[PDB]
Every structure is written in structure tokens, then in C-alpha cells.
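Take a look at the letters that make up each chain.
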Amino acid sequence: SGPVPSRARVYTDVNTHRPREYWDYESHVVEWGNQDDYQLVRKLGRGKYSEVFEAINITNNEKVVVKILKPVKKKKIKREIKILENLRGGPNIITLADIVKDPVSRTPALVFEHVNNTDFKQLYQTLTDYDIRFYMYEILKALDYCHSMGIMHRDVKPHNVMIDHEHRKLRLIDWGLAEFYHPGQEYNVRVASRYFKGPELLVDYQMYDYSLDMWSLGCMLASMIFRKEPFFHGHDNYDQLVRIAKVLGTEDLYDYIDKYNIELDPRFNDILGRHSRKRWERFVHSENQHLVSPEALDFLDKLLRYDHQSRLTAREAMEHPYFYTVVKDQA
Ligand SMILES: O=C(O)c1ccc2c(c1)nc(Nc1cccc(Cl)c1)c1ccncc12
């Protein structure tokens, strides 16, 4: 009978109501600067499809970041650029400063705003209960903004959240997997990073939406409040669902599969087994208790749901009691 269709509960038709130039990124004309305006200082890291460098803009001595793209479809480069241009100036969204090309190799590169980041592997262990609430609220500002702008990030994870802790400044980076939400579209499920993949990706339910990012956020929150990084530690995409099922239980998983008429891959039948929904208190211990509260657990419970439609939206999440003290302090 095929899967049951799904629509986002919020910002459903935002792209339909915009001119085609907004979302038809393949038609976007890119104007490439000369990479000679930037002098590379050092390599910061290598990605799946990019090499990132710290650089200096020789014209004004500003420190920037240059993301040299490895060859990918021109379609995909135009998508990242168009999304970054559409989101530019939005709350906690990384700023695309320039688009250049090396004169010799012709390799395209994206120039970004520099953030003085403290890596999550060093930062998260130092965060107070207030800090987690504060930064979660900052991520929510970025997500509600991009979702309102008709964009799903599709790769929310600690590496993609650059935090200048000294200045309490946060930027959501790496828009390379981001996509425009169009109601009825069947998207690629080979997105996000394993540990942050929502159950919709794991069961191959393609008609997903912005709510995908809310699952990923919930994975981040659970790792922060429980000091268990990553929270769901699967060995592969199949075992990832098993790890989730051992916490959220199998009853709701099978109800989700039923509701959407999802044809489940036959290997899941043997590996999923039967598991009760675990109480969040089972993850609380002497070393993380100070980060856990009834508000944190209620909020986490409302993000970590199989049914993507039942998760809090970024706007609903911002209104949660977990953030009452942050919201008070920001006024
Ligand atoms: O991709 C983007 O959108 C993107 C955008 C901005 C930054 C970035 C990636 N990666 C950075 N650093 C980084 C750190 C570790 C490994 C790698 Cl590969 C990169 C970085 C640092 C400071 N300011 C901005 C950025």
C-alpha cells in the first residue's frame, strides 16, 4: 500500500509562497572572487567533502575560515551557497563572507566568519546546568529561524555548533547537507551523522521534515545532561535503531511503523527484540545529577520521539519551562 504521506506541522508551505529563485538553487548564478584576497594560515581539519583552513583577508587583516570544497555535484555547491545566502544575518547562523576560487586549480571555496571555538570534547564537561539551557536556547534560535526560512539543517551535532564560550556566542555551521522543505518530497535518508540520525532515517521513511533536526537536538541534550557522549552509540545504522529501541522501547517503534505503513528492512525483525520504554532516571548518577531536573527530562522526553510529528517544534521548544530562567535573563 506504500508509506502514509506526511507534512510538517509548521512552516509547511513557506517555500511554495516564495519566488522560485529562492529555492531553485540549480538556477542560482554564483559570482566567484579570487582566492588571492585570502592567505591560508593553517589547516583546521578535513571533512568528508572539504578541507577547512584558518585564513587572513589581506585587504583588511580580518581572520576568516576558508572551506575548500572537494569535487561534488555543482548542484550541491549551489545548494550550500543558496542556503547560506538565504540565511545570512539570521540568529546564530554562520556568515558566508565570500565565495572564491583558486586561480590555478579552479577548486571552489567558501569563506566564513571566524568563531573562537572551544571543542565540545573539552567544553561540555565544564558546562553548568544554566550553560546547557543557555546554549540550547541559542541553537533553538538558529533552528526556528532556518525552519521558518524553509530549510532543514539535516546535520545537527556537537561539531556543527561552534561556541565562543568567553563571549557566550554560538554559530550553527556546515550547511552542506541542508535542504529546502517542500511538502510531499521524498528525501534522501543518507543524511546526518549516525549517532544523530532520527528513526525516520533508520527505517527509511523519506517524507521527513524540519522535525529531523529536533531529534538530533534531543540526542545532543541527552549527551550533555547525562554526560554520555554520544547518547545512542550504534555500531551501524541498524544497531543505531536497536540502541534507540532499548531506551524508547519497541512498542512505540512498532506503533510508528504501523501508523506510517513503513516497510521495515527484514534484518530488523531479529535484532530489535522486545524492550520496555526506560525511565530517564535510570541515566542519572552522582556525576551528572546537577545537570538533570524534572524540566530537563520533560523537555528531552518531548524531543526524543519516534513519530516525527509528535516532537516539539523549535518554537514550541523555546517556550518550554526548561528555558524560563534564560528568557527572563535575556530581557
Ligand atoms: O563548514 C562550515 O560551514 C564552517 C563554517 C565556519 C567554520 C567551520 C566550518 N569550521 C571551523 N573549524 C573547524 C574545526 C575543526 C575541524 C574543521 Cl574541518 C573545521 C571554524 C572555525 C572558526 N570559525 C569558523 C569555522
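Just above, that's the structure.
**Q** What exactly am I supposed to notice about helix α10 (residues 294–303) here?
**A** Owing to its 3.6 residues per turn, the α-helix brings residues three or four apart onto one side. Of all the residues in α10, the buried ones are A296, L297, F299, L300 and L303. The arc that holds every buried residue of α10, seen down its axis, measures 165°, which confines them to one face. Buried-residue contacts for α10 involve α4 (129–148), α6 (211–226) and α11 (314–318).

**Q** Got a minute to help me understand helix α2 (residues 74–87) in this structure?
**A** With 14 residues, α2 ought to run about 20 Å at 1.5 Å a step, and its terminal C-alpha atoms sit 20 Å apart, in line with that. Along α2, the residues classified as buried are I77, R79, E80, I81, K82, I83, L84, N86 and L87. Backbone geometry just downstream of α2 places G89 in the positive-phi region, at approximately 95°.

**Q** Help me out: how do you make sense of the site of the ligand in this one?
**A** The environment of the ligand is formed by 14 residues, the closest being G45, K67, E113, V115 and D174. At a separation of 2.9 Å, an oxygen atom of the ligand approaches a polar side-chain atom of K67. With the chains in place, 87% of the 540 Å² that the ligand exposes on its own is no longer accessible. Mapped by element, the contributors of at least two residues to the shell around the ligand are β2 (38–46), β4 (62–69) and β6 (108–113). Looking at the shell around the ligand, the element that brings in the most residues is β2, giving three residues. Residues that form the shell around the ligand fall into these classes: seven nonpolar, three polar and four charged. Here the shell around the ligand spans two domains, and each of domain 1 (6–23 + 115–331) and domain 2 (24–114) adds at least three residues to it.

**Q** Before we go on, may I ask you to explain the packing of aromatic side chains in this structure?
**A** Describing an aromatic ring pair means giving the distance of the ring centres and the angle of the ring planes. This structure, assessed with the given rule, holds 23 aromatic pairs. Measuring from centroid to centroid gives 5.9 Å for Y22 and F180, while their planes differ by 80°, and the two rings are edge-to-face. Taken together, the residues span a long stretch of sequence, with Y22 in helix α1 (residues 20–23) and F180 in strand β10 (residues 179–180) at a distance of 158 residues. Using a relative accessible area of 9% as the deciding quantity, one classes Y22 as buried. Residue classification places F180 among the buried residues on the basis of a relative accessible area of 0%. Relative to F180, the ring of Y25 lies with its centre 6.0 Å away and its plane at 15°, an arrangement referred to as stacked. One end of the pair, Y25, is in the loop between α1 and β1 (33–34); the other, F180, is in strand β10, and 155 residues separate them in sequence.

**Q** Sorry, what's going on with the pairing of β4 here?
**A** Successive side chains on a regular strand alternate, one facing one side of the sheet and the next facing the other. Burial runs high along β4: six of the eight residues are buried. Sheet topology places strand β3 (residues 50–57) next to β4; eight bridges connect them, and they run antiparallel. Along β4, the bridge assignment pairs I56 with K63. Hairpin remark: β3 followed by β4, antiparallel, with four residues in the connecting loop; positive phi at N61, about 60°. As paired strands, β4 and β6 are joined by five bridges and run antiparallel to one another. Note on β6: the bridge partner recorded for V66 is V111.

Reading the values: rules and limits
Residues numbered from 1 in each chain as written, not as in the entry; some residues may be left out. Heavy atoms only, no water. Buried < 20%, exposed > 50% of the residue type's maximum accessible area, 1.4 Å probe, protein only. Helix = DSSP H or I, 4+ residues; strand = E, 2+ residues; numbered from the N terminus. Arc of directions from axis to C-beta. Contact = heavy atoms within 4.5 Å. Expected span 1.5 Å × (residues − 1). Near = heavy atom within 4 Å. Polar contact = N/O pair within 3.5 Å; in protein donor to acceptor, adjacent residues only side chain to side chain. Areas by Shrake-Rupley, 256 points an atom, 1.4 Å probe, with all protein chains shown as cover. Nonpolar A, V, L, I, M, F, W, Y, C, P; charged D, E, K, R; others polar. Domains from an automatic or database assignment. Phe/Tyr/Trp six-rings, centres within 6.5 Å; stacked < 30°, edge-to-face > 60°. Pairing = 2+ DSSP bridges.

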